[PDB]
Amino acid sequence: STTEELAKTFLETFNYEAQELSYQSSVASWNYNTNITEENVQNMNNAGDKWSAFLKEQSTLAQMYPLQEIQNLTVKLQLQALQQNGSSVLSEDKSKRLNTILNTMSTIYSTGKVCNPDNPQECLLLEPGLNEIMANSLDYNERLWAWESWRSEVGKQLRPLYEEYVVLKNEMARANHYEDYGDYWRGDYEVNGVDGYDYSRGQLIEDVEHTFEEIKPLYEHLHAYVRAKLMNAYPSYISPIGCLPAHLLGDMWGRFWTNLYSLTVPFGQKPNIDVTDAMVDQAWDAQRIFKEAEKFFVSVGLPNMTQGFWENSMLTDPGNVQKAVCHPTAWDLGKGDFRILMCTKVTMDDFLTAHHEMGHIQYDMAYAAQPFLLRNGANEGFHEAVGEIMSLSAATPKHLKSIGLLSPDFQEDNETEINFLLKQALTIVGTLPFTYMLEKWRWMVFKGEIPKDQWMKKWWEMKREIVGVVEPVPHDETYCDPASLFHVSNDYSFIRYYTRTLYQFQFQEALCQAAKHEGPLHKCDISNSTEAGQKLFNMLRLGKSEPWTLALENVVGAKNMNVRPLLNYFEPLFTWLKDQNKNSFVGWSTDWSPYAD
């Protein structure tokens, strides 16, 4: 028949074939990840290889269809997703070289290790060696050591590779009709044909940067506070008007200032929102953690966990004997088979984490109706965003009281609202500038705008200008610090984390609005809500099926990314901060350094 009609039939045949290969592959991936056997790591490949090799075969066949000559959004969507020419647009030499790079970088990072200069006997791997230093050490020089070792070894190493990586990856992008690789990535946010719901690879940067402006005041203060705080922690090493020594930031990069809480706590007298002990004091097992989580979702209107979930999930470490990987993940294998892998400890951070993960699972369930190629979050940001909303409503003292882990006598006083909001901003708000800047550099580095002989001289041109952070020791183009951060030297889009962060704060607002919630936004608990779930399930049932703009509209009532709600969450902290900073300096001079000359 037509070209449209011919296409339906192709996509159809594809689905049913993909479903079988895809499932076989997950089942493989999983078994390996729950049971690290050699025979398993063998099949984890086989199945993943057929899958990937079938994907190619299909993509290149899917190429024989003009989607421009197709007027049925749904079909266009899947067809075009499948029209993933990918690295197959390069010559066989490029494509193999590239994979070697992508791999080599991946390897170096995971395998990298630095050794004690005056005790070369013992070396540390980033995890958990260096990491635990960057997270716990109050020693300026020990912290400096790790920080500088890591970037000077496994950093300088990824430099050469990264340069070539950029070239090879750019050609790939150019050949597929993108301005650059940056343009490629920004692609994820694009929308064509719907009106008002249309969105462009350009209009990302535009929105991203505009949204970020209205974040400076909140951050500048957050900054201002922690600085004074850090001045006491490392007296003499910091300047009241200067940037923050990058190695004094809580982790190997300062991606999150989370670990600064210990020494930036507003009122160290106040006690606990940490039911870590309230759980242990109640003989809570991995079963209760999740059964509870289920109940949560059930309350707002969503379904039980499929019996499959209970029969198939791994919730507690099998210990030794049968060892496994421990990263918490939500598995959507296919053939309506969901499950979670999590080495469940009895931390509140895990009871919370249970929720974030099962958020995912519920999302995975909700869109199982959609055709195979549309089952996934509206964008990279949506899926994590839904994860967090859950984490959020459960962490409220109110919900904890509702459960009965928190003594139904706790007085939620004005000051406890602050230690909470600060421990929050330290993670949620801390990471925003950091995250923006990083993709600001990449984005520019992929448009030649940042010449090779200015890569590092430019990292920190923005590490100071944007983030308010400095290098404790100076770096020339021999270094490649950005590549010492996972996502960078592992080829992952990173802006995802900004839009995610932003998104979630609209979701929560719009849901606490519908959940009819009175007090401050951060005190909100969508449990026992229903009309809230409904408003949520409306965008959960689509995944990639409609433009995110619509999906997002379904829950908030607006077509775009809004920072306002994020700010509302932190408005009570912001006011306090401003007053705190009464006599401290707000802002930073770029020119100051912890090394001088």
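Numbering starts at 1 and follows the sequence shown. Between two forms, the rigid core is the largest collection of C-alphas that superpose within 1.5 Å.
- Larger root-mean-square CA separation from the shown form, computed after a rigid core fit of the structures in 5 other deposited structures of this protein, is seen for 277-285 when 277-285 is set against 360-368.
- Take 379-387 and 394-402, fit the other structures onto the shown form by the rigid core, and average the C-alpha distances in 5 other deposited structures of this protein: the farther stretch is 394-402.
- In this entry, the higher average B-factor at the C-alpha atoms falls on 160-168, of the pair 214-222 and 160-168.
- Stretches 398-406 and 493-501 differ in mean CA B factor, with 398-406 having the higher one.
- Set against one another, the Cα B-factors of 244, 326, 352, 389 in the record reach their highest point at 326.
- In this entry, the residue among 114, 238, 385, 469 with the greatest C-alpha B factor is 114.
- Per-chain ranking of the deposited C-alpha B factor places residue 54 in the highest third.
- Looking at the C-alpha B-factors along this chain, the one for residue 569 belongs to the lowest third.
- Split the chain's modelled residues into thirds by C-alpha temperature factor. Residue 183 is in the middle one.
- Split the chain's modelled residues into thirds by C-alpha temperature factor. Residue 76 is in the highest one.
- Ranked against the other modelled residues of its chain, the C-alpha B-factor of residue 452 as given in the entry falls in the highest third.
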